[PDB]
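Position 1 is the first residue of the sequence; numbering continues from there.
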Amino acid sequence: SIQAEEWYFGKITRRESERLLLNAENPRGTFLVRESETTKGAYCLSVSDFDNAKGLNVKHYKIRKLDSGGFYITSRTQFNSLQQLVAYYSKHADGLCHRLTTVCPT
Ligand SMILES: N#Cc1ccc2cccc(OP(=O)(O)O)c2n1
């Protein structure tokens, strides 16, 4: 169960995920998974990034879950679980601003 996962912050807003992630000490790829504020049955993967242009900033990717069972940010790349998705994205940047590195501190 994802609710048991330490990177699962459940019902928090986008602003709040940005408040937690916009901390000077978070390295690129700090992340958390939360509920989508407006897309039901979707989660949101909030991820911190950093570059000399934008400085420290956050990106939000919608995680869809099919009734067919798979989870995904892009339908081309599916997984049997949220946990597997997270693990995959901890190893590949793909279309993300950065590979998942560290669970957003509280
Ligand atoms: N599409 C879209 C879309 C566009 C703007 C959004 C603003 C706040 C929260 C949202 O949902 P989320 O970040 O997924 O919690 C949004 N979703």
- Message: If we count only N and O atoms by modelled type, under 3.5 Å, do the side chains of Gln84 and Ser81 hold a donor and an acceptor together?
- Response: yes
- Message: Taking the basic N atoms (NZ, or NE/NH1/NH2) and the acidic carboxylate oxygens, is any pair closer than 4.0 Å for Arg15 and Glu18?
- Response: no
- Query: Aromatic rings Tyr88 and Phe79: how do their planes relate, parallel, tilted or perpendicular, breaks at 30° and 60°?
  - Reply: tilted
- Who pairs with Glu37 by salt bridge (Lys or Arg N to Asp or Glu O under 4.0 Å), at least two apart in sequence or on another chain? none
- Message: I need the single residue from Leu20, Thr30, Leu32 that forms a side chain to side chain contact (heavy atoms under 4.5 Å, CB included) with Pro105. Which is it?
- Response: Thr30
- Closest approach of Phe50 to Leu56 (non-hydrogen atoms, all atoms of both residues): CD1-N, 3.5 Å
- Ionic contact status for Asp49 with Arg28, cut-off 4.0 Å: yes
- Please answer: with hydrophobic residues joined when any side-chain heavy atoms are less than 4.5 Å apart, are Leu82 and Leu96 in the same cluster? yes
- Would you confirm whether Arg99, through its side chain, and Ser90, through its main-chain N or O, come within 3.5 Å as a donor-acceptor pair? yes
- Query: side chain to side chain donor-acceptor pair (under 3.5 Å) between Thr39 and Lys62: does it pass, once the steps are laid out?
  - Reply: CA-CA 8 Å; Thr39 306; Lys62 202 166 301 194; 2.7 Å; yes
- Would you sort out whether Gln83 and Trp7 count as a side-chain contact (heavy atoms from CB on, under 4.5 Å), showing the intermediate values? CA-CA 10 Å; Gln83 295 85 178; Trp7 30 260; 4.0 Å; yes
- Item | Atom of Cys97, atom of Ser48 and distance for their closest heavy-atom approach | SG-O, 4.1 Å
- Note on the structure: Residues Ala42 and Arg64: closest non-hydrogen pair is CB-NE, 3.7 Å
- Item | Shortest non-hydrogen separation from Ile63 to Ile73 and the atoms involved | CG1-CG1, 4.1 Å
